[PDB]
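>>> quick one, fold the following:
(2 chains, ligands or ions: 2)
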There are 2 protein chains.
Amino acid sequence: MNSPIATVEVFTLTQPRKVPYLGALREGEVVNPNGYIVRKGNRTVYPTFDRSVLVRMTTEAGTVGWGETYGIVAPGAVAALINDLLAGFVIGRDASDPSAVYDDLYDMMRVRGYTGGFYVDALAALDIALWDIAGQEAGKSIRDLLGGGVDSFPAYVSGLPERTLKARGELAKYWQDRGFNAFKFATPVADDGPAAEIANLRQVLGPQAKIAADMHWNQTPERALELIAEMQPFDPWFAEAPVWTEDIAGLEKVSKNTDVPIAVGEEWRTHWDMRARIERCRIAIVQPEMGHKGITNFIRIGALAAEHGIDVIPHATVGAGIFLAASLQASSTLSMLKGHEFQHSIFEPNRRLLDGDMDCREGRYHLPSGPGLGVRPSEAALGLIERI
Amino acid sequence: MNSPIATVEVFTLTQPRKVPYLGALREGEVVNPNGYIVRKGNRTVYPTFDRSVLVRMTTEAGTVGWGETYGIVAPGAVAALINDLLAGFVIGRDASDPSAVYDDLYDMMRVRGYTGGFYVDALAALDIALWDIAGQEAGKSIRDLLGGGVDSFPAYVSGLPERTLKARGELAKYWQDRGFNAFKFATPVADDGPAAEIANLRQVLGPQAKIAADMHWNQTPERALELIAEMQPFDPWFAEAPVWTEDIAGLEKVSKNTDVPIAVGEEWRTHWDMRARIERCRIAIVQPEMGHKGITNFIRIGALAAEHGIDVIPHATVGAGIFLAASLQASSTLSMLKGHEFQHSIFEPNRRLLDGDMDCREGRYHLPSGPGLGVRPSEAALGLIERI
Ligand code: NA
Ligand code: NA
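Numbering: from 1, shown residues only, chains lettered A, B, ... in the order given. Ligands and ions are numbered 1, 2, ... in the order given. Here you go, the structure:
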């Protein structure tokens, strides 16, 4: 029934970015070795390309599962973890209980403090591939295997890649006319500030639209609160990532001193990360990123949200569509799911990279139909992947 | 004058000697074909060879600094991080303000959640190399660059690698007679349990000996409190790692419900990790590991401990002697320093792998003389290093 894992193969898929992105670099920033650039304003490194890490996992019987995680930065890190260490402890196991395999792999390195970061990125890719196999072997979609899920849910527009405030609103209105009712903007994009941006968006989109602000971490708690106050006359849906990730005291302060819902969680890895915040802060929404987390982690974060009446609105990002499909599968089973980030500019071009009916239209994701993940890399994608 | 960094070279060094496991290999334990072994107790993975990652960093003027981090598992992860991402951001910088460079590197990935693990392992190795250069350029030891430190301080015996209770007591006494006054044992080891072990050690060593219990993580807070209460009559020096690292609520419960000092922190990476625990828990002792952390992080943790009256008792782990030399340099400056882990099997490799006069004799560490770290790899070590 469940055939042992025979092989674990790691790949990268690297392609040119197809969105204007270098407009964010306004301070004379220079490309560093291997194509990296640091934005001076937030000190964060960015790739000059799109890249993710893909895993092909094959049973003795020939069932092929796929997983994926972040590969934008030093994909050799995940590749080393899998090739040197983790693959050996997956091979010979089977997919009868994927979460048991995850928990064993996690346990190998937890006491040495590798409880997140690249280690969990690696585990995420293996976990998605193993659940894909489990579903295929059962003849069930992952969501079915997880107890049942819905086949569609709301999607919000993320990413307004235009140079001017005016053109950003025109882009949002274009998406509104396509049947989207929920939107998010990033505060560093906003030249006259987040208040002027939300003011424009609110005017353009009308009072019924949901308009969230991604505050993108780089504030003191006091400044975060000031900016949230400036935005609040325009009815923000939520304020996301008001302070640095490490600053739980600062998040606590922000969350207890505004009524604007606070959303966090894209950069977490496990429910343990969630526990550290919700035990201290007022968190309205969690925003898990499947590519960092894997299905086992995502399901446990979802269950913890249900315990505390916290809404779940998952993140989305640069990737081939494999971890996104995983996100949809897992998200669909969650009682606290309100909807899901939609990166139109990433999703649209990568239809070519996938076999499988995953769609997003008229403000809703439509889940794929097949057993397991329901998607796989297309023949075109297989021509592009490189071994790592 | 501080000359800009020209080159960053990454190596592994695999040792011809092997530190004992604490806990004899047991029926059913498997040597994986990948060269790793998972232990039946905590399900932590262990290597079959001791190995660390070394970094040689060279200025344009030709000053050579050395750093070191963990390499026991998947050293390709750190190597990829350094070769692909980090080295390019260090090249061109100088050692005038090593902590500024550390901060810039850390900031590149913090919003994506890479705030620890292998990322900070890699930063630790670079940070140690940069301080080594800074010292040599100033003609000052690292401790003198940091405002001055002691030239020696007490070491304690951090574990007792023998296969019986009786033999571990005899080994403790052997070290007591050779100048040691403080000892630690691992609670899962004795067949009769940790109360039986501490009772034996107390009887063998006498009232004056400090005897700590390393609880090795795998307890509920309730079970940890039960075991601590059983050991309590025998005057434990501290109870280390009573619950899982991620279980901050569990650590709070333990620390608030025993008067036995609680010690944690070898598997942390930054002062952020400390802040998350000390805000909620009663921590008596922090135990930073230089190989995971680097000088910048280690000193910040020391300063935070000083602010809160928390004792600092650093960890030690097998390596070539580079991160250990860094540990002694940084520890020597700390007002809260109350000792430092030692084991014969951990220290001994550095006698052949390092040139320099770092020592441990009669139960005390003695710091090397000379600028920077005051040590560098020996001809033997330069022979054995392999590029990665
Ligand atoms: Na997010
Ligand atoms: Na320790």
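>>> does chain B sit close to the strand or helix carrying residue A:127?
Using DSSP states H and E, residue A:127 maps to helix A:117-138. Yes - judged by C-beta under 8 Å from any C-beta of the partner chain, helix A:117-138 comes into contact with chain B through A:117, A:118, A:119. Placement of C-beta: from N, CA and C, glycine included.
>>> just how off-centre is that helix within its chain?
15 Å (C-alpha atoms, centre = their mean, to the nearest Å).
>>> elements contacting the next helix or strand after that helix?
Next along the chain after helix A:117-138, taking DSSP H and E as the criterion, comes helix A:142-145. With contacts defined as 3 or more C-beta pairs under 8 Å, 6 or more residues apart in numbering or on different chains; DSSP states H and E, the packing partners of helix A:142-145 are helix A:117-138, helix A:322-331.
>>> who's in contact with the residue in chain A that ligand 1 sits nearest to?
Using C-beta to the ion, residue A:266 is the residue of chain A that sits closest to ligand 1, at 3.6 Å. By C-beta atoms under 8 Å, 6 or more residues apart in numbering or on different chains, the contact set of residue A:266 is A:241, A:287, A:288, A:289, A:292, A:315.
>>> swap in residue A:270?
Residue A:270 touches A:106, A:115, A:116, A:120, A:293, A:297, A:300, A:301, B:246, counting by C-beta under 8 Å, 6+ apart.
>>> ok, residue A:231 next?
A:194, A:195, A:198, A:213, A:239, A:260.
>>> let me know whether the fifth one touches residue A:259 as I believe.
No - under the criterion of C-beta atoms under 8 Å, residue A:239 lies out of contact with residue A:259, with a separation of 10.5 Å.
>>> who has more neighbours out of these two?
Neighbours per residue (other C-beta atoms under 10 Å in any protein chain shown) separate residue A:239 from residue A:259, with residue A:239 holding more: 28 against 9.
>>> residue A:206: neighbour count?
Neighbours of residue A:206 (other C-beta under 10 Å): 11.
>>> tell me the phi and psi of it?
phi 90, psi 170 (degrees, to the nearest 10).
>>> do you know how far the residue in chain A positioned nearest to ligand 2 is from residue B:214?
Per C-beta to the ion, residue A:111 is where chain A lies closest to ligand 2, at 11.2 Å. Going from residue A:111 to residue B:214 by C-beta to C-beta, to the nearest Å gives 11 Å.
>>> quick one: which of these two has more around it?
With neighbours defined as other C-beta under 10 Å, residue A:111 and residue B:214 compare such that residue B:214 has more, 23 against 20.
>>> isn't the more buried one up against residue B:187?
Yes - if you go by C-beta under 8 Å, residue B:214 and residue B:187 touch, sitting 6.4 Å apart.
>>> kindly report the residues of the stretch 101-250 of chain A close to chain B.
So far as C-beta under 8 Å from any C-beta goes, the stretch 101-250 of chain A lies against chain B at A:104, A:107-119, A:216-217, A:241, A:244-246, A:248-249.
>>> buried among those residues? Need that as a selection in PyMOL.
In PyMOL, selecting the buried portion of these, with burial taken from 16 or more other C-beta atoms under 10 Å in any protein chain shown, looks like this:
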select buried, chain A and resi 107+108+109+110+111+112+113+114+115+116+117+118+119+216+217+241+244+245+246+248
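>>> show me the contacts of residue A:231 that map onto strands.
The strands, defined by DSSP state E, take in A:213, A:239 from the contacts of residue A:231.
>>> buried subset of the contacts of residue A:231, written for ChimeraX?
ChimeraX command restricting the contacts of residue A:231 to the buried ones, with burial defined by 16+ other C-beta under 10 Å:
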select /A:194,195,198,213,239,260
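>>> would a markdown table of the contacts of residue A:231 with distance to residue B:100 be doable?
Formatted as a markdown table, the contacts of residue A:231 follow (distance: C-beta to C-beta, whole Å):
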| residue | distance to residue B:100 |
| --- | --- |
| A:194 | 29 |
| A:195 | 33 |
| A:198 | 35 |
| A:213 | 31 |
| A:239 | 31 |
| A:260 | 35 |
